[PDB]
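Just the one chain here, laid out as structure tokens, in the form deposited without the partner chain.
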């Protein structure tokens, strides 16, 4: 029954080839444009992130996430209040004379001027794309992405996300995050945390304004690794290993949410990352590969559902990397919303998920 639904969600290869071909051609053009003398954003390198590159994209290959990461040495972080996720950026010492001073505001490296330039360049370059139908969607407070809209003729969107790369140790609000010791283990956790961390120009919302110079932590790269390396056994989902249902559960919970979001705008606050964050916790709670045996798909999905209902009910979903940061705090998602989603989920759960049709 859930097998059937998964069959429908599964991406068709033909559809992937036509989408990738177009998406890739456009990104390499923008990446290439981004280099090339002049621009502040030279040494940017590409990192593909997102449901698609984690292989958990459903229904259609019509959403692509791309990080344009920039290595910036000698930066100091100041925690924006006690958010844990948001920061101000300064430099160790004076530039002499170097690219990113035209994004400063005194000593602070403002996310907003840096993003506005980045968007301006992307816009001038999309202007010149003649063989493909692509446009830049209008700006949005609360998003760090310059979003492309591609009609292939199918509608495809590409979020191009500027990122600052920092090679130093992770900020201490992450010190007790990534709790994978009993699952992926201590050597993996330590190795993961020796990788760089990234900041993206999503501004912290103070009230109903946005604090324009703040940046947000991003662990898209880390999350991408974990999806490709998700078992306690090294052979999970390999040719000489056992298939598990972890990813299948993530897709099912994704589908469920996205359907409810379609016909209910009481849910615009919710999103996929909530479901992703939740399943990460499930994977920590149930680290054994044997617990996610495909035979057990139904009970694994329902356990995920029960856990997600419990997060809603108790108004608490800890960020997986930054345990201070409550994604289900009253300030980000109002109580009323959380109860509405709870009743809809509970409804589908007890009625054999009619919305799956």
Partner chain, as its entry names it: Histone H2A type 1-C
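Numbering follows the first chain given and starts at 1.
Peer 1: Where do the C-alpha atoms have the higher mean temperature factor in this entry, in 167-175 or in 109-117?
Peer 2: Of 109-117 and 167-175, the stretch with the higher C-alpha B-factor average is 109-117.
Peer 1: Once you work out the mean C-alpha B-factor for both 215-223 and 127-135 from the entry, which is higher?
Peer 2: Comparing averages over the C-alpha atoms only gives 127-135.
Peer 1: Which one, 263, 248, 233, 195, has the peak C-alpha temperature factor per the PDB entry?
Peer 2: Highest CA B-factor of the listed options: 263.
Peer 1: Whose CA atom has the top B-factor in the entry, of 183, 210, 280, 86?
Peer 2: Max CA B-factor in the entry, restricted to 183, 210, 280, 86: 210.
Peer 1: With respect to C-alpha B-factor, does residue 319 fall in the lowest, middle or highest third of the chain as deposited?
Peer 2: Its C-alpha B-factor belongs to the lowest third of this chain's values.
Peer 1: Ranked by Cα temperature factor within the chain, is residue 81 in the lowest third, the middle third or the highest third?
Peer 2: Its C-alpha B-factor belongs to the highest third of this chain's values.
Peer 1: For residue 72, does the deposited CA B-factor place it in the lowest, middle or highest third of the chain?
Peer 2: Tercile = highest for this residue's CA B-factor.
Peer 1: Sorting the chain's CA B-factors, does residue 100 end up in the lowest, middle or highest third?
Peer 2: CA B-factor rank for residue 100: highest third.
Peer 1: What third of its chain's C-alpha B-factors does residue 152 belong to: lowest, middle or highest?
Peer 2: As the PDB entry reports it, the C-alpha B-factor of residue 152 lands in the highest third of its chain.
The same protein has a further form, the form deposited with the partner chain bound, not shown here; the description that follows concerns it.
Peer 1: Have a look at 193, 119, 113, 230 for me and say which one sits with a heavy atom within 4.5 Å of the partner chain in the deposited complex.
Peer 2: Residue within 4.5 Å of the partner: 193.
Peer 1: Go through 138, 234, 130, 92 and name the one with a heavy atom inside 4.5 Å of the partner chain in the deposited complex.
Peer 2: Result of the distance check: 92.
Peer 1: Can you tell me if residue 96 lies within 4.5 angstroms of the partner chain in the deposited complex, counting non-hydrogen atoms only?
Peer 2: Looking in the deposited complex, residue contacts with the partner chain include residue 96, since a heavy atom lies within 4.5 Å.
Peer 1: Can you tell me if residue 182 lies within 4.5 angstroms of the partner chain in the deposited complex, counting non-hydrogen atoms only?
Peer 2: Because no heavy atom of residue 182 falls inside 4.5 Å of the partner chain in the deposited complex, the answer is no.
Peer 1: Can you work out whether residue 74 and the partner chain are in contact in the deposited complex, taking contact to mean some heavy atom pair no more than 4.5 Å apart?
Peer 2: Residue 74 belongs to the contact set for the partner chain.
Peer 1: Under a 4.5 Å heavy atom criterion, is residue 123 part of the interface with the partner chain in the deposited complex?
Peer 2: No, no contact at 4.5 Å.
Peer 1: Out of 161-169, 215-223, 139-147, 277-285, where are the residues with a heavy atom within 4.5 Å of the partner chain in the deposited complex?
Peer 2: Heavy-atom contact with the partner occurs in 161-169.
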